[PDB]
Each structure stands twice: as structure tokens, then as C-alpha cells.
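Given next, in C-alpha cells, is a single chain: the form deposited in one PDB entry.
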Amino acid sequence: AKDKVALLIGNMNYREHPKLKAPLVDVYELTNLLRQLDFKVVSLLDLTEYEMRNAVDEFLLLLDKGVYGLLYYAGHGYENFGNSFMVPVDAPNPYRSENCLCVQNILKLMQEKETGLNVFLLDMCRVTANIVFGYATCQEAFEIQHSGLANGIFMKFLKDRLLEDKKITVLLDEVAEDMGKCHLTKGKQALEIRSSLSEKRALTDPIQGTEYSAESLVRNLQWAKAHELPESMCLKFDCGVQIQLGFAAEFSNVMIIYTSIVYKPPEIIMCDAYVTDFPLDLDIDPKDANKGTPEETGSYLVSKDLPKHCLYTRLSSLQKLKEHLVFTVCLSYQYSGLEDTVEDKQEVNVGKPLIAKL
């Protein structure tokens, strides 16, 4: 492999269509599995049409001679007269092609590349380019785990075979057999595999030497800067209360913010630091921010990974941020024998985190 580059899109929260649950776990777990295989992974949740189109265009552009690419989409799919389409979260009801991404157009652009390997996997709820196309239609079918999280049928079987040092086409055929044995998808057309692979190529194949090929190092630096998290900060308030702001990442466009009281003077009986007044573009609803647990924000991956007794806020639209992430830390405090709640607030700039750097 000249390089190993992957783009994973998972669409769950649809405006005019039924919401999905499985993409979250699927995208997250496939990201980890591909990271283990030395892929530079971009993982994005809930993308609009324009966001999808730009992400796909940028991923396609990386597909230079000998590069190993992998594109995964989990979400609603649409079929109209032999063509399949990927449905963005902002798509109107009923479905219409102009609002969707045509799969056949992507395949056509992939066909022009001189990639060492190009794996295009769809997990939808309805000279050679070495393209392996997997098209799963059992996505809303999912299984509930002992964790309480929803895992997709396709991903359940894919997770178990991805790390195998075997030709990708052989790997995917075993996944199709597993689904065929699975009682939910038994005698049904759940996975279609299309392949134009003339060479024994696997996702486990090594990346070309950095002592002569510097494009992997350049793309590694460019990937790294798109995954930068703000360093944790401490804010001091006039009353004497010291607050810590902590940051965790779930996906390339999803960040969890948490606040905790590091010092509370004896005179203050009860205090809480609430993060508010986020940029409009991010579309955060205050009724889904400052939660007592990360689970209540929709963050189930990174859960006992975070400090206890904090307030948690999930920023899942970082790709929409077109300025610095400037928000307010509002402190609400109470003196034991005093009338009510005293409020104090200070603005914070955490720059352009993660995908917002690009």
C-alpha cells in the first residue's frame, strides 16, 4: 500500500426520516478496527448533503496510484431505477435524487483511480482500480448488546473478520455466509458483493517505506492536525470556585465537553458550572447540554472513560463550525444561609477543535 486512508460516515438523526441507532456503534468500532490496521481514519456522524458531498470529494482526491482506500456509509438508502443513493440527514420527505449522493457516480469516479485497493461498503436501510463493492441492505434491523447499545447485522459479522490476513473478497464472502446463517437475514439478499480484484490484496497489507515515500508522512501530519483536541483548562471565579473544563473525542466531528468543580470554598454550599451560548452553527439545544451523565447527551462510547460528578455536553456538529469555538462558562452558586442562586460567567475560546481545523 502507498497509503491506507478511510472515510466512515454514519447517519442517524434524520430531520424528516426515521432515526437510526446502529450507525453510532458501527462507525466507532470500525474506526478502531481500521486504526489497528494502520488506516488514517476520518469518522463523521450525521452529515448533510453538502457535508457528504465535500467529504466524499476530498476522500476521492486522496486515491492516488497504489493507495488503499476504504469508504463506509451507514444510514438510510434509496433505490430508484437501477440506481442507489445515500440519504443525508437534511433530506426532505419524500426522497429525491438531487438531495442524495448517487452511489453509481462514486463508483464511476473510483473506476478512474489507480488505487492498489478501493473498498466501498454500504450499510443502508432501504487498467484496474481494484474496487471491492459491498452493498448491505439489512440496516431498522439491529441487535441489542449487554451494553444496551445497538449493533448492526452487517457490522456484527464484519468486526469478527476484519482483522484477518486474507484477501478482502474472501473475507466479505465469509461475512455474506455468516449473515445467511443469521436468523434475521437467512434466505434473503442482505449483501451483494461486486469485485474487480485481479490481485490478492488485503486490508492487512503493509505501507510502502518512509525512507523513500514521504506522502504517508505528509498525509499523517495533515490527518493529525484534523484530530486535535483542546487541552483541559482551569477557570478561577471571583467567589473562589475553580472549574475545570475537560475534552474528549468520539468521532472526527463529535467532541464531549465536561465541567467539574476543582475547588469549592467552604462558604459555598452548592455550585455547578454550565457551558452555554455556543456558536449558532453548532445547533446545540440547551435541554441536551449540561447533563449529569455522558449517556444522557447521546455519548455511550466514552462513558466510564470520563471523570465522575461532572456536567457533560456533546458537540456533534463540529464540521459546521466556521469560527473559533467561543462559549460561556456560567457558574451558579449558593451560600448556605442566603436567599438564592448567584450567577457569574466568563467566555472561553477553545479554537477550532478536530475537523474544525481543516
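Basically, rigid core = biggest C-alpha set you can superpose within 1.5 Å across the two forms. Just count from 1 along the sequence shown to find any residue number.
Although it is not shown, the form solved in complex with a partner chain is what the next lines describe.
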Notebook entry, point to check: Is there any non-hydrogen atom of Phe278 lying within 4.5 Å of the partner chain in the bound PDB entry?
Noted result: no
Note to self: Whether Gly77 contacts the partner chain in the bound PDB entry should be assessed with a 4.5 Å heavy atom distance threshold; does it?
What the structure shows: yes
Notebook entry, point to check: So in the bound PDB entry, does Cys125 come within 4.5 Å of the partner chain, heavy atom to heavy atom?
Noted result: yes
Next item on the list: Verify the contact flag for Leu184: yes if a non-hydrogen atom of it lies within 4.5 Å of a non-hydrogen atom of the partner chain in the bound PDB entry, no if not.
Entry: yes
Notebook entry, point to check: the partner chain isn't shown here, but in the bound PDB entry which of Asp288, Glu215, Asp90, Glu143 has a heavy atom within 4.5 Å of it?
Noted result: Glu143
Check: Which one of these stretches, 143-151, 246-254, 219-227, 270-278, sits within 4.5 Å of the partner chain in the bound PDB entry when only heavy atoms are counted?
Finding: 143-151
Check: Just one of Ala248, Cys271, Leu197, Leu162 has a C-alpha that shifts by 2 Å or more between this form and the one not shown on a rigid core fit; which is it?
Finding: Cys271
Next item on the list: State yes or no: after fitting on the rigid core, is the Cα displacement of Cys330 between this form and the one not shown at least 2 Å?
Entry: yes
Item checked: Core-superposed comparison between this form and the one not shown, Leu149 Cα displacement 2 Å or beyond -> no
Item checked: CA of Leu171, rigid core aligned, shift of 2 Å or more between this form and the one not shown -> no
Margin query: Thinking of the 3 angstroms or more shift, are the C-alphas of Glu215 and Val132 brought closer or pushed farther apart in the bound PDB entry than in this view?
Written below: farther
Check: With a C-alpha distance change of 3 Å or more, do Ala249 and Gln145 lie closer or farther in the bound PDB entry?
Finding: farther
